[PDB]
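Enquirer: below you'll find the sequence and an experimental structure to go with it.
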Amino acid sequence: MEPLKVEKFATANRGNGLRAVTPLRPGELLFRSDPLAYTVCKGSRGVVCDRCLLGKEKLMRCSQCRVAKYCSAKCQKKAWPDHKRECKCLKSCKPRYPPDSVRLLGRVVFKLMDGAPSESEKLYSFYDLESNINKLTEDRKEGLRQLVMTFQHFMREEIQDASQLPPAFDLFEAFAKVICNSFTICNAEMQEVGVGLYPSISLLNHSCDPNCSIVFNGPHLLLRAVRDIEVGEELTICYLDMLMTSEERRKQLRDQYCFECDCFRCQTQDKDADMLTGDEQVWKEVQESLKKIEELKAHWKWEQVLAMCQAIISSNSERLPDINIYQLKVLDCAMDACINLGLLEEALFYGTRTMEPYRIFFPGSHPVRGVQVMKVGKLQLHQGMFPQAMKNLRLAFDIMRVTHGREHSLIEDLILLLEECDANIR
Ligand SMILES: Nc1ncnc2c1ncn2[C@@H]1O[C@H](CSCC[C@H](N)C(=O)O)[C@@H](O)[C@H]1O
Ligand SMILES: [Zn+2]
Ligand SMILES: [Zn+2]
Ligand SMILES: [Zn+2]
């Protein structure tokens, strides 16, 4: 159980890209990699584990830095190679914490010296990672320049000048890689909990209608095909969240990756209309309130989320339909708030209402829908609604074994329920 399945090559115009070498079936795993470097992002920090990135109500805090919090003593140990150095820095920053991108790039710079190679850099190393120096706007260069003066500052302790780092390695150029080659680490419940750098995965170009999706069983990362992919076909993923219009997607892809998405979709404006059904006036105020809420989600702060959600869904009932992406986003948030708070009746109220949009927005098999759908069925089973629960849990499996695969332990939970939902229609 080893044979290779992808490879790099030269695109007509868009740089370096992956391709199948033999035909692929949907649900097939193609690549698998640990991070070259990864870190629990500022919000999740103090809430999740500093290694395995898992949420265990209580956490043991850092010996000498008292910032980094651990799952166990074993998690705390194999974390040394990485935490060894950074402990000192964070220690005397207190409380000011380094913006993720830095604390990451701090960790990376030593994992370059590691000597014996990494799997993460098997097909594409760090120094190959496209940075887009040319044709990068000012206020962005002026943006990255800042981070450098912040990095050097934050690091001081272990790094006083560029002579302590390998040559050809350049800091400003390195943030330019990490602005546009980072990876959002999503946990079980499809929550963002960290940022990684997977320099073989970064060989994947962008379609808003991808054929590959990636899922995070902790910091470990899986790339699978979601459809039938023929020899010589360039493999692609969507770097963005699926709840954005072509116009929102255009703006963000210029601001980060410097390009035009020339997918069949970004030209015809797929789903675009359906996304903003309702009067612009109505939801403007919702896409505004979405900038607050989304913050407090990442900071695992549910109680205020549930205030700002209830009030606003209670408000726009008479006028704004669920299928409106920004309305919907509050609905997912609404659901997510209720789950972590244990209001599982309310939880199901909100979750079931989102079910249908999701179907029209996330095509064939998307792991976001998967988990969402799972949370629904799982919410239903609990409520004792066995028939339609078996319906959704089944659906979840039809999505998830192609999105997550057998190698994901989440699947385990899924089947258990299906055999336990069997037990309640006894
Ligand atoms: N759909 C698309 N259209 C045009 N350029 C794209 C694209 N997807 C990715 N890119 C380019 O590739 C970068 C993402 S990294 C993905 C692989 C890239 N060829 C590389 O050398 O690493 C972006 O910053 C952008 O320069
Ligand atoms: Zn420490
Ligand atoms: Zn841990
Ligand atoms: Zn596009």
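Expert: Arrived safely, thanks for sending. Numbering: from 1, shown residues only. Ligands and ions are numbered 1, 2, ... in the order given.

Enquirer: middle-most residue in the chain, spatially?
Expert: residue 184 (3.5 Å; C-alpha atoms, centre = their mean).

Enquirer: look up the closest residue to that residue, ignoring the ones flanking it.
Expert: Distances taken as C-beta to C-beta, 6 or more residues apart in numbering put residue 192 closest to residue 184, at 5.1 Å, once the chain neighbours are dropped. For the C-beta atoms, the positions are set from N, CA and C on the backbone; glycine is no exception.

Enquirer: pretty sure that neighbour sits against residue 182.
Expert: No. Using C-beta atoms under 8 Å, residue 192 is not in contact with residue 182; the gap is 11.6 Å.

Enquirer: higher neighbour count, the two?
Expert: Set residue 192 next to residue 182 and count neighbours by other C-beta atoms under 10 Å: residue 182 wins out with 20 against 16.

Enquirer: next up, the contacts around the more buried one.
Expert: Going by C-beta atoms under 8 Å, 6 or more residues apart in numbering, residue 182 touches 101, 104, 195-197.

Enquirer: near ligand 1, which residues of this structure are found?
Expert: Contacts of the chain with ligand 1, taken as C-beta under 6 Å from any ligand atom, map to 14-17, 129-130, 132, 180-181, 202-206, 257-259, 261.

Enquirer: quick one: secondary structure of the spatially closest residue to residue 264 that is not a sequence neighbour?
Expert: In space, and not counting its chain neighbours, residue 264 is closest to residue 209: 6.7 Å by C-beta to C-beta, 6+ apart. What DSSP: H, G, I helix; E, B strand; the rest coil gives for residue 209 is coil.

Enquirer: got the contact list for residue 209?
Expert: Counting by C-beta under 8 Å, 6+ apart, residue 209 makes contact with 238, 263-265, 270, 363.

Enquirer: so which of the residues of the chain next to ligand 1 sit within strands?
Expert: 16-17, 205-206 (DSSP state E).

Enquirer: and the residues you listed, which is closest to residue 306?
Expert: Minimum distance to residue 306 across those is 34.7 Å, recorded for residue 206 (C-beta to C-beta).

Enquirer: how far away is whatever residue of the stretch 101-250 of the chain ends up closest to ligand 4 from residue 260?
Expert: Closest residue of the stretch 101-250 of the chain to ligand 4, C-beta to the ion: residue 208 (4.2 Å). Going from residue 208 to residue 260 by C-beta to C-beta, to the nearest Å gives 12 Å.

Enquirer: could you tell me the end-to-end distance of stretch 114-131?
Expert: 23 Å (C-alpha to C-alpha, to the nearest Å).

Enquirer: this completes my enquiry, with thanks.
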